[PDB]
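S.K.: Take a look at model19.tsv, TSV, N, CA and C atoms and all ligand atoms:
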```
chain	number	residue	atom	x	y	z
A	1	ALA	N	77.46	98.27	82.54
A	1	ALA	CA	78.13	97.02	82.22
A	1	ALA	C	79.59	97.28	81.87
A	2	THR	N	80.42	97.47	82.90
A	2	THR	CA	81.87	97.58	82.76
A	2	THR	C	82.28	98.74	81.84
A	3	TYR	N	82.23	99.96	82.38
A	3	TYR	CA	82.41	101.18	81.60
A	3	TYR	C	83.83	101.73	81.66
A	4	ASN	N	84.14	102.56	80.67
A	4	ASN	CA	85.42	103.22	80.48
A	4	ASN	C	85.46	104.49	81.33
A	5	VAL	N	85.94	104.38	82.57
A	5	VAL	CA	86.04	105.53	83.45
A	5	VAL	C	87.40	106.18	83.25
A	6	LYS	N	87.43	107.48	82.93
A	6	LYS	CA	88.66	108.24	83.02
A	6	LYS	C	88.81	108.86	84.40
A	7	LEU	N	90.00	108.70	84.97
A	7	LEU	CA	90.45	109.44	86.13
A	7	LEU	C	91.58	110.34	85.68
A	8	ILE	N	91.31	111.64	85.52
A	8	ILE	CA	92.34	112.63	85.26
A	8	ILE	C	93.11	112.78	86.56
A	9	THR	N	94.21	112.05	86.66
A	9	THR	CA	95.15	112.14	87.76
A	9	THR	C	96.25	113.14	87.40
A	10	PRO	N	96.93	113.73	88.39
A	10	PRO	CA	98.06	114.62	88.19
A	10	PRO	C	99.15	114.00	87.31
A	11	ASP	N	99.33	112.68	87.47
A	11	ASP	CA	100.23	111.82	86.72
A	11	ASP	C	100.00	111.94	85.22
A	12	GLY	N	98.75	112.21	84.85
A	12	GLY	CA	98.32	112.46	83.50
A	12	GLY	C	97.40	111.35	83.01
A	13	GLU	N	96.27	111.20	83.72
A	13	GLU	CA	95.12	110.36	83.39
A	13	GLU	C	95.37	108.86	83.56
A	14	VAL	N	94.34	108.16	84.03
A	14	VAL	CA	94.29	106.70	84.07
A	14	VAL	C	92.87	106.27	83.69
A	15	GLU	N	92.63	106.11	82.39
A	15	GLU	CA	91.43	105.45	81.88
A	15	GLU	C	91.46	103.97	82.26
A	16	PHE	N	90.35	103.48	82.79
A	16	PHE	CA	90.24	102.11	83.28
A	16	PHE	C	88.81	101.60	83.23
A	17	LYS	N	88.63	100.28	83.39
A	17	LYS	CA	87.31	99.67	83.33
A	17	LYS	C	86.74	99.50	84.73
A	18	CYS	N	85.56	100.08	84.94
A	18	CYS	CA	84.88	100.05	86.22
A	18	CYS	C	83.45	99.54	86.05
A	19	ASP	N	83.13	98.46	86.77
A	19	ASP	CA	81.82	97.85	86.79
A	19	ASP	C	80.82	98.78	87.48
A	20	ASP	N	79.61	98.78	86.95
A	20	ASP	CA	78.43	99.45	87.46
A	20	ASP	C	78.12	99.02	88.89
A	21	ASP	N	78.58	97.83	89.26
A	21	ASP	CA	78.41	97.23	90.57
A	21	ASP	C	79.73	97.22	91.36
A	22	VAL	N	80.71	98.07	91.02
A	22	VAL	CA	81.94	98.19	91.81
A	22	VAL	C	82.29	99.66	92.04
A	23	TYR	N	83.09	99.93	93.07
A	23	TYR	CA	83.51	101.27	93.40
A	23	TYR	C	84.65	101.74	92.49
A	24	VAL	N	84.67	103.04	92.15
A	24	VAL	CA	85.76	103.67	91.39
A	24	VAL	C	87.01	103.84	92.27
A	25	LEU	N	87.54	102.72	92.74
A	25	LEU	CA	88.69	102.62	93.64
A	25	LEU	C	89.07	101.14	93.66
A	26	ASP	N	88.13	100.31	94.12
A	26	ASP	CA	88.32	98.87	94.30
A	26	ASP	C	88.91	98.28	93.01
A	27	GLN	N	88.22	98.48	91.88
A	27	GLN	CA	88.64	98.00	90.58
A	27	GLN	C	89.76	98.85	89.96
A	28	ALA	N	90.03	100.04	90.50
A	28	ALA	CA	91.09	100.91	90.02
A	28	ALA	C	92.43	100.35	90.48
A	29	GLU	N	92.54	100.06	91.78
A	29	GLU	CA	93.73	99.46	92.35
A	29	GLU	C	94.10	98.19	91.58
A	30	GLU	N	93.10	97.39	91.18
A	30	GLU	CA	93.31	96.23	90.31
A	30	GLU	C	94.10	96.56	89.04
A	31	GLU	N	93.87	97.72	88.43
A	31	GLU	CA	94.59	98.12	87.22
A	31	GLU	C	95.94	98.74	87.61
A	32	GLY	N	96.00	99.25	88.85
A	32	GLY	CA	97.19	99.79	89.48
A	32	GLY	C	96.98	101.24	89.92
A	33	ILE	N	95.72	101.70	89.97
A	33	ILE	CA	95.44	103.12	90.17
A	33	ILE	C	95.53	103.53	91.64
A	34	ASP	N	96.58	104.28	91.97
A	34	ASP	CA	96.80	104.85	93.29
A	34	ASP	C	95.95	106.11	93.48
A	35	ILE	N	94.63	105.96	93.65
A	35	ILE	CA	93.78	107.12	93.92
A	35	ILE	C	94.10	107.66	95.33
A	36	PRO	N	93.81	108.95	95.59
A	36	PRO	CA	94.03	109.59	96.87
A	36	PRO	C	92.94	109.15	97.85
A	37	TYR	N	93.02	107.89	98.26
A	37	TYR	CA	92.17	107.23	99.23
A	37	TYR	C	92.82	107.32	100.62
A	38	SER	N	92.00	107.34	101.68
A	38	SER	CA	92.47	107.26	103.06
A	38	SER	C	91.75	106.16	103.87
A	39	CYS	N	90.55	105.75	103.45
A	39	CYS	CA	89.64	104.86	104.18
A	39	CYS	C	88.54	104.43	103.21
A	40	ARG	N	87.70	103.46	103.59
A	40	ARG	CA	86.44	103.22	102.89
A	40	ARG	C	85.32	103.02	103.92
A	41	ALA	N	84.75	104.13	104.40
A	41	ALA	CA	83.62	104.17	105.34
A	41	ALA	C	82.54	105.15	104.88
A	42	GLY	N	82.94	106.37	104.49
A	42	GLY	CA	82.06	107.37	103.89
A	42	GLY	C	81.59	108.40	104.91
A	43	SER	N	82.50	108.93	105.73
A	43	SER	CA	82.20	109.99	106.69
A	43	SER	C	83.49	110.76	106.94
A	44	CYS	N	83.93	111.49	105.92
A	44	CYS	CA	85.28	112.01	105.78
A	44	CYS	C	85.24	113.49	105.42
A	45	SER	N	86.41	114.08	105.20
A	45	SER	CA	86.55	115.44	104.71
A	45	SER	C	87.77	115.47	103.80
A	46	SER	N	87.81	114.52	102.86
A	46	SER	CA	88.90	114.30	101.93
A	46	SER	C	88.33	113.54	100.73
A	47	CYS	N	89.17	112.76	100.06
A	47	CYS	CA	88.79	111.74	99.09
A	47	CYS	C	87.71	112.17	98.10
A	48	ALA	N	88.07	113.06	97.16
A	48	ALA	CA	87.14	113.49	96.14
A	48	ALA	C	87.81	113.70	94.79
A	49	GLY	N	86.97	113.81	93.76
A	49	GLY	CA	87.34	114.11	92.39
A	49	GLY	C	86.29	115.02	91.76
A	50	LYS	N	86.62	115.64	90.62
A	50	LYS	CA	85.77	116.53	89.87
A	50	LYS	C	85.13	115.79	88.69
A	51	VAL	N	83.83	115.55	88.73
A	51	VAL	CA	83.07	115.01	87.61
A	51	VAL	C	83.22	115.96	86.42
A	52	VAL	N	83.86	115.49	85.34
A	52	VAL	CA	83.97	116.24	84.10
A	52	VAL	C	82.76	115.93	83.21
A	53	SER	N	82.43	114.64	83.04
A	53	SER	CA	81.31	114.24	82.19
A	53	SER	C	80.87	112.82	82.55
A	54	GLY	N	79.77	112.37	81.93
A	54	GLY	CA	79.06	111.15	82.31
A	54	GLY	C	78.26	111.37	83.59
A	55	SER	N	77.61	110.31	84.09
A	55	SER	CA	76.88	110.33	85.34
A	55	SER	C	77.24	109.06	86.10
A	56	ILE	N	77.22	109.13	87.43
A	56	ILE	CA	77.58	108.08	88.36
A	56	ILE	C	76.71	108.23	89.60
A	57	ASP	N	76.66	107.20	90.44
A	57	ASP	CA	75.88	107.19	91.66
A	57	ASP	C	76.83	107.01	92.84
A	58	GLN	N	76.94	108.04	93.69
A	58	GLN	CA	77.63	107.96	94.96
A	58	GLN	C	76.64	108.06	96.13
A	59	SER	N	75.38	107.58	96.02
A	59	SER	CA	74.40	107.68	97.10
A	59	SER	C	74.71	106.69	98.23
A	60	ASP	N	75.84	106.88	98.89
A	60	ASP	CA	76.47	105.90	99.77
A	60	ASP	C	77.35	106.60	100.82
A	61	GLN	N	78.12	107.61	100.40
A	61	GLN	CA	78.95	108.41	101.29
A	61	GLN	C	78.12	109.30	102.22
A	62	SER	N	78.82	110.04	103.08
A	62	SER	CA	78.27	111.16	103.82
A	62	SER	C	79.37	112.22	103.96
A	63	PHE	N	79.54	113.05	102.92
A	63	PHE	CA	80.46	114.19	102.96
A	63	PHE	C	80.03	115.24	101.93
A	64	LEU	N	80.24	115.00	100.63
A	64	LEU	CA	80.11	116.08	99.66
A	64	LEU	C	78.74	116.74	99.74
A	65	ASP	N	78.73	118.06	99.66
A	65	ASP	CA	77.49	118.82	99.73
A	65	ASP	C	76.83	118.86	98.36
A	66	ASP	N	75.56	119.27	98.33
A	66	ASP	CA	74.81	119.49	97.10
A	66	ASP	C	75.61	120.43	96.21
A	67	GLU	N	76.15	121.49	96.82
A	67	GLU	CA	76.96	122.48	96.15
A	67	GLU	C	78.07	121.80	95.37
A	68	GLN	N	78.95	121.08	96.08
A	68	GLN	CA	80.07	120.38	95.48
A	68	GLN	C	79.61	119.43	94.37
A	69	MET	N	78.61	118.58	94.63
A	69	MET	CA	78.08	117.72	93.59
A	69	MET	C	77.70	118.52	92.34
A	70	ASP	N	76.79	119.48	92.48
A	70	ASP	CA	76.28	120.30	91.39
A	70	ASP	C	77.43	121.02	90.67
A	71	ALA	N	78.36	121.52	91.47
A	71	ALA	CA	79.55	122.25	91.04
A	71	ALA	C	80.48	121.37	90.21
A	72	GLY	N	80.35	120.05	90.33
A	72	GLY	CA	81.03	119.10	89.48
A	72	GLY	C	81.94	118.19	90.28
A	73	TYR	N	81.60	117.82	91.52
A	73	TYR	CA	82.45	116.98	92.36
A	73	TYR	C	81.79	115.65	92.76
A	74	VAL	N	82.61	114.69	93.20
A	74	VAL	CA	82.18	113.37	93.63
A	74	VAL	C	83.20	112.84	94.66
A	75	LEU	N	82.75	112.05	95.63
A	75	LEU	CA	83.66	111.29	96.49
A	75	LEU	C	84.41	110.26	95.63
A	76	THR	N	85.61	109.82	96.04
A	76	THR	CA	86.40	108.85	95.26
A	76	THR	C	86.62	107.50	95.97
A	77	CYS	N	85.80	107.18	96.97
A	77	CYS	CA	85.82	105.91	97.71
A	77	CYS	C	84.55	105.11	97.39
A	78	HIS	N	83.39	105.77	97.47
A	78	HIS	CA	82.07	105.20	97.27
A	78	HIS	C	81.41	105.88	96.07
A	79	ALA	N	81.62	105.32	94.87
A	79	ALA	CA	80.99	105.82	93.66
A	79	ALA	C	80.85	104.65	92.69
A	80	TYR	N	79.67	104.47	92.10
A	80	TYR	CA	79.35	103.45	91.12
A	80	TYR	C	79.18	104.10	89.75
A	81	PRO	N	79.96	103.68	88.74
A	81	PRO	CA	79.91	104.25	87.40
A	81	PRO	C	78.68	103.76	86.64
A	82	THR	N	77.72	104.64	86.31
A	82	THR	CA	76.51	104.21	85.63
A	82	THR	C	76.66	104.26	84.11
A	83	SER	N	77.73	104.89	83.61
A	83	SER	CA	78.11	104.94	82.21
A	83	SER	C	79.60	105.25	82.14
A	84	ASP	N	80.14	105.39	80.93
A	84	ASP	CA	81.42	106.04	80.67
A	84	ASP	C	81.37	107.43	81.31
A	85	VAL	N	82.19	107.63	82.34
A	85	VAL	CA	82.32	108.88	83.08
A	85	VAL	C	83.76	109.36	82.98
A	86	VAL	N	83.92	110.68	82.94
A	86	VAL	CA	85.20	111.34	83.04
A	86	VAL	C	85.17	112.12	84.34
A	87	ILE	N	86.15	111.90	85.20
A	87	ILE	CA	86.32	112.61	86.45
A	87	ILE	C	87.81	112.92	86.62
A	88	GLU	N	88.15	113.96	87.39
A	88	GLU	CA	89.51	114.24	87.82
A	88	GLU	C	89.67	113.82	89.28
A	89	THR	N	90.69	113.02	89.63
A	89	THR	CA	90.90	112.64	91.04
A	89	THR	C	91.75	113.72	91.73
A	90	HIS	N	92.03	113.56	93.03
A	90	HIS	CA	92.89	114.45	93.82
A	90	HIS	C	92.23	115.81	94.03
A	91	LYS	N	90.98	115.81	94.51
A	91	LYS	CA	90.18	117.02	94.67
A	91	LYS	C	89.62	117.14	96.08
A	92	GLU	N	90.40	116.74	97.07
A	92	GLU	CA	90.13	117.07	98.46
A	92	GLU	C	90.27	118.59	98.59
A	93	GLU	N	91.48	119.14	98.49
A	93	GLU	CA	91.69	120.59	98.53
A	93	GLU	C	91.24	121.32	97.25
A	94	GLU	N	90.18	120.86	96.56
A	94	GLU	CA	89.42	121.67	95.63
A	94	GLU	C	87.93	121.74	96.02
A	95	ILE	N	87.47	121.04	97.07
A	95	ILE	CA	86.06	121.04	97.45
A	95	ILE	C	85.84	121.74	98.78
A	96	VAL	N	86.74	121.55	99.74
A	96	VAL	CA	86.68	122.24	101.02
A	96	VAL	C	87.26	123.65	100.86
B	101	LIG	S1	88.85	108.30	102.95
B	101	LIG	FE1	87.06	107.93	104.12
B	101	LIG	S2	85.42	107.63	102.69
B	101	LIG	FE2	87.18	108.24	101.56
```
Let me see the file written as structure tokens.
Ligand code: FES

M.R.:
Amino acid sequence: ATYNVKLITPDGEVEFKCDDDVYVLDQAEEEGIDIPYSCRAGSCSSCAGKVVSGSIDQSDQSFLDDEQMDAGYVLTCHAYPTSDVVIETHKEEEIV
């Protein structure tokens, strides 16, 4: 129910409110968050962030491996915040 998502951006963080039923992008741009997006389809080799804490559901994309997920990564186009989550954005060239 509308959680406090942190995006640790290079800029130096953008904490924002993200609905459990919205993507961590769609509602980010609303606050003004320029995430490193390229598309919204979910068959890419870019567009990721590092899950620091909390849990979220990205069972929608088709890119990040089990390794990357477990290792602490998430796609940044198709992700639903299930609680207060902390993630770092700009992690294309940290997962590949
Ligand atoms: S840029 Fe294509 S799903 Fe993220």

S.K.: Enter the distance from atom N of residue A:31 to atom C of residue A:58, in Å, rounded to one decimal.

M.R.: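 Between atom N of residue A:31 and atom C of residue A:58 the gap is 21.5 Å.
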
S.K.: Write out as a PyMOL selection string which residues come within 7 Å of residue A:73 when counting only C-alpha atoms, dropping same-chain ones fewer than 5 positions away.

M.R.: chain A and resi 48-51+68

S.K.: Go ahead and write the residues just picked, N, CA and C atoms, as a PDB file, in the frame of the given file.

M.R.:
```
ATOM      1  N   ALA A  48      88.070 113.060  97.160  1.00  0.00           N
ATOM      2  CA  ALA A  48      87.140 113.490  96.140  1.00  0.00           C
ATOM      3  C   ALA A  48      87.810 113.700  94.790  1.00  0.00           C
ATOM      4  N   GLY A  49      86.970 113.810  93.760  1.00  0.00           N
ATOM      5  CA  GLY A  49      87.340 114.110  92.390  1.00  0.00           C
ATOM      6  C   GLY A  49      86.290 115.020  91.760  1.00  0.00           C
ATOM      7  N   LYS A  50      86.620 115.640  90.620  1.00  0.00           N
ATOM      8  CA  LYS A  50      85.770 116.530  89.870  1.00  0.00           C
ATOM      9  C   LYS A  50      85.130 115.790  88.690  1.00  0.00           C
ATOM     10  N   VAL A  51      83.830 115.550  88.730  1.00  0.00           N
ATOM     11  CA  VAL A  51      83.070 115.010  87.610  1.00  0.00           C
ATOM     12  C   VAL A  51      83.220 115.960  86.420  1.00  0.00           C
ATOM     13  N   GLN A  68      78.950 121.080  96.080  1.00  0.00           N
ATOM     14  CA  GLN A  68      80.070 120.380  95.480  1.00  0.00           C
ATOM     15  C   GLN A  68      79.610 119.430  94.370  1.00  0.00           C
TER      16      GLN A  68
END
```

S.K.: Could the residues of chain A that have an atom at most 5 Å from ligand LIG 101 (chain B) be listed as JSON lines, each with its closest atom pair and the distance in Å to one decimal, counting all atoms listed in the file and ordered by chain and ascending residue number?

M.R.:
```
{"residue": "A:37", "atom": "C", "partner": "B:LIG101", "partner_atom": "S1", "distance": 4.7}
{"residue": "A:38", "atom": "N", "partner": "B:LIG101", "partner_atom": "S1", "distance": 3.5}
{"residue": "A:39", "atom": "N", "partner": "B:LIG101", "partner_atom": "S1", "distance": 3.1}
{"residue": "A:40", "atom": "CA", "partner": "B:LIG101", "partner_atom": "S2", "distance": 4.5}
{"residue": "A:41", "atom": "N", "partner": "B:LIG101", "partner_atom": "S2", "distance": 4.0}
{"residue": "A:42", "atom": "N", "partner": "B:LIG101", "partner_atom": "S2", "distance": 3.3}
{"residue": "A:43", "atom": "N", "partner": "B:LIG101", "partner_atom": "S2", "distance": 4.4}
{"residue": "A:44", "atom": "CA", "partner": "B:LIG101", "partner_atom": "FE1", "distance": 4.8}
{"residue": "A:47", "atom": "CA", "partner": "B:LIG101", "partner_atom": "FE2", "distance": 4.6}
{"residue": "A:77", "atom": "CA", "partner": "B:LIG101", "partner_atom": "FE2", "distance": 4.7}
```

S.K.: I'd like to know which residues of chain A are strand (DSSP E) (by DSSP, run on the backbone); could you write them as a list in words?

M.R.: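 Written out, the strand (DSSP E) residues of chain A are residues 3, 4, 5, 6, 7, 8, 14, 15, 16, 17, 18, 48, 49, 50, 51, 52, 53, 56, 57, 73, 74, 75, 80, 81, 86, 87 and 88 of chain A.
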
S.K.: Identify which of the residues A:81, A:90, A:95, A:53 lies closest to residue A:18, counting only N, CA and C atoms when measuring atom-to-atom distances.

M.R.: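 Nearest candidate to residue A:18 out of A:81, A:90, A:95, A:53: A:81.
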
S.K.: Please give the complete set of residues from chain A that DSSP, run on the backbone, assigns to helix (DSSP H, G or I), formatted as a ChimeraX atom specification.

M.R.: /A:26-31,66-71,92-94

S.K.: Report, in Å with one decimal, the straight-line distance from atom C of residue A:1 to atom CA of residue A:70.

M.R.: 25.1 Å

S.K.: What separation in Å, quoted to one decimal, exists between atom C of residue A:59 and atom C of residue A:14?

M.R.: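 A separation of 23.3 Å between them.
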
S.K.: From the list A:64, A:69, A:74, A:33, which residue is nearest residue A:86 when using only C-alpha atoms?

M.R.: A:74

S.K.: From the set A:55, A:24, A:67, A:2, which residue has the shortest atom-to-atom contact distance to residue A:79, counting only C-alpha atoms?

M.R.: A:24

S.K.: Which of these, A:83, A:61, A:76, A:45, has the shortest distance to residue A:4 once you count all atoms listed in the file?

M.R.: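 Of A:83, A:61, A:76, A:45, the one nearest residue A:4 is A:83, counting all atoms listed in the file.
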